[PDB]
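Residue numbers (the deposited numbering): 1 to 226.
Written out as structure tokens, the structure reads:
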């Protein structure tokens, strides 16, 4: 059984790749991503729309209440193992994502060293400049209003009533920014939605940069693959 593995920084179009290979192939893509295991921040954590899914399968290491904490590294890993393991008689899987801690566990761990073949594919952050162009567009998306999906701001809105959420939202990329930036300009999170079109662009531009930095750490902390 084949592990097509795809990883890299935060906006390298990994997902869409996986969706393609998943389409041509009929495989499920497992998501290598702690944060995205919290469907109450679907959008903000970067889960694709169900319509962007193209009828393929995307599998999450688990699914849990923001307030139960972001799934810690180790479990994700044991979880991974299992999700891969009980499918071992299918043809291949895709494994796709950007969790640093998850890939290092892969790298160090004995499970993965045997039993399968690989088709690893690693994307690298290219120029800063063109990353922010991408990131900006991508955030704009997450800010788009829509019948199917809450937006980034709204996930934060709703979720900002329950107080145990707040130190976790402060910890997760994009959200940190959203808070720090309302606390900057003295609005309440609940209001971020109606941020007139001027301050909109900074707040976009801001996240864009928050990601940029992340990208940048993913870069210096990924492992490279055997």
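Don't be surprised by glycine CBs; every beta carbon is placed ideally from N, CA and C.
Measuring CB atoms only, is the region 156–168 touching the region 185–199, in the sense that at least three cross pairs come out at less than 8 Å? yes
Closest by C-alpha distance to residue 59, when choosing among 145, 131 and 96: 96
Which residues does DSSP list as the beta-bridge partners of residue 60? 31
In whole angstroms, give me the CA-to-CA distance for residue 71 and residue 107. 19 Å
Three or more C-beta pairs closer than 8 Å, one from the region 170–180 and one from the region 76–84: is that the case here? no
State the Cα-Cα distance for the pair residue 135 and residue 56, rounded to the nearest angstrom. 25 Å
Rounded straight-line distance, which links the Cα of residue 38 to that of residue 222: 23 Å
For residue 90, which option in 103, 116 and 23 has the closest C-alpha, if you only look at C-alpha atoms? 116
Tell me whether the beta-carbon of residue 212 lies closer than 9 Å to the beta-carbon of residue 131. yes
Under the criterion of a Cβ to heavy atom distance below 8 Å, does residue 175 qualify as lining the ligand FAD? Summarising the ligand content, the structure contains no ligands, and the ligand FAD is consequently not present.
So residue 99 and residue 34 are in contact, right, with Cβ under 8 Å, and what is the actual spacing, rounded? 5 Å
Find the nearest neighbour of residue 47 within the set 5, 165, 24 and 14, judged by alpha-carbon distance. 14
Run through DSSP, which three-state label would residue 122 get? strand
Residue 53 by DSSP, collapsed to three states: which one? helix
Cα-Cα separation between residue 174 and residue 202, rounded to whole angstroms: 13 Å
Assuming contact is defined by CB atoms lying nearer than 9 Å, are residue 6 and residue 122 in contact in what I supplied? yes
Output needed for residue 165: all residues of its chain with C-beta closer than 6 Å, excluding positions within five of it in sequence on either side, in chain order. 66, 67 and 159
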